[PDB]
Amino acid sequence: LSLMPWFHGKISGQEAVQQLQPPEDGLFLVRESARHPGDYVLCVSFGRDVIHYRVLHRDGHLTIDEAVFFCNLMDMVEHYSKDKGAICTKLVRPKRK
């Protein structure tokens, strides 16, 4: 959370595609969602495109229901820093400020 350099909180997606803009594989950040409150969107750069993955809540947290779920984002994040499978790419540099 707040003190995490990868978290930009409340910026339109629209902003994020921008932040993330000298493309660079695994360049990511995380922001709170608008249409569904309490929820997250993790933004990823991969192949010059920017992909997104809603973070759902289900007793906890996750992107692959059912698959892998977390206690903290600060931890889904770690997780997706060593094994990508599931999303397009391995998270590397957090975009920051």
Side-chain angles (χ1 to χ4, degrees):
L1 278 226
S2 147
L3 32 93
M4 300 309 300
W6 46 256
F7 196 59
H8 296 236
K10 256 151 153 334
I11 60 174
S12 48
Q14 202 191 237
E15 247 107 269
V17 152
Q18 282 203 272
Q19 278 282 314
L20 272 208
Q21 219 25 254
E24 173 180 307
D25 282 0
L27 226 216
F28 70 91
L29 45 82
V30 159
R31 53 160 195 127
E32 317 195 347
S33 141
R35 273 140 86 23
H36 331 44
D39 249 39
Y40 313 83
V41 191
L42 165 80
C43 292
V44 195
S45 206
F46 191 57
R48 303 191 180 182
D49 301 292
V50 157
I51 293 79
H52 307 203
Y53 292 125
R54 200 188 193 55
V55 181
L56 319 178
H57 286 247
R58 313 203 161 342
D59 334 22
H61 247 332
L62 134 115
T63 304
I64 69 194
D65 311 37
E66 293 260 83
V68 209
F69 306 75
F70 308 79
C71 273
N72 3 121
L73 270 164
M74 308 142 291
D75 237 2
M76 174 168 123
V77 172
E78 218 45 68
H79 169 305
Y80 287 107
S81 270
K82 312 128 189 198
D83 159 43
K84 86 177 160 28
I87 349 129
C88 65
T89 274
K90 106 187 289 181
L91 280 201
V92 166
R93 222 174 45 81
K95 200 49 256 202
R96 79 162 89 147
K97 288 105 196 46

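Counting from 1, the numbers follow the sequence of the chain as shown.
In this structure, CG on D59 lies 10.0 Å from SG on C71, to the nearest 0.5 angstrom. Here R31 contributes atom CZ and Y40 contributes atom OH; the two are 12.5 Å apart, rounded to the nearest 0.5 Å. Rounding to the nearest 0.5 Å gives a distance of 8.5 Å between NZ of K97 and NE2 of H8. Taking CZ from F69 and CD1 from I64, the interatomic distance works out to 7.5 Å, rounded to the nearest 0.5 Å. With rounding to the nearest 0.5 Å, the separation of CD in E78 from CG in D83 is 12.5 Å. Rounding to the nearest 0.5 Å places CG of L29 at 7.5 Å from CG of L42.
Under the 4.5 Å side-chain heavy-atom criterion for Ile, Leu, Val, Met, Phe, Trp and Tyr, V77 and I51 are members of the same hydrophobic cluster. Hydrophobic clustering places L62 together with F7 (ILVMFWY residues linked when any side-chain heavy atoms are closer than 4.5 Å, directly or through intermediates). The hydrophobic cluster containing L73 also contains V68, counting ILVMFWY residues as joined when their side-chain heavy atoms lie under 4.5 angstrom apart, directly or transitively. By the rule that hydrophobic residues join a cluster once side-chain heavy atoms approach within less than 4.5 Å of another member, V30 and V55 end up as members of one cluster. Connection of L20 to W6 is not established within any shared hydrophobic cluster, with ILVMFWY side chains joined at heavy-atom distances below 4.5 Å, either directly or through further cluster members.
With a 4.5 Å cut-off on side-chain heavy atoms, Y80 and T63 count as touching. Under the 4.5 Å side-chain criterion, counting only non-hydrogen atoms from C-beta, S45 is not in contact with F28.
Taking all atoms of both residues into account, the shortest heavy-atom contact from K90 to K84 is N-CB, 3.7 Å.
Enclosure of atom CD in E15 by more than 12 non-hydrogen atoms of other residues, nucleotides or ligands within 6.0 angstrom is indicated. No more than 12 heavy atoms of other residues, nucleotides or ligands sit less than 6.0 Å from atom CZ of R96.
Between the side chain of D25 and the backbone N or O of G47 there is at least one donor-acceptor pair closer than 3.5 Å. Listed for the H57 side chain is a donor-acceptor partner under 3.5 Å among the backbone atoms of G38.
Using bins of under 30°, 30° to 60° and over 60° for the plane-to-plane angle, the ring pair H79/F70 lands in the perpendicular bin.
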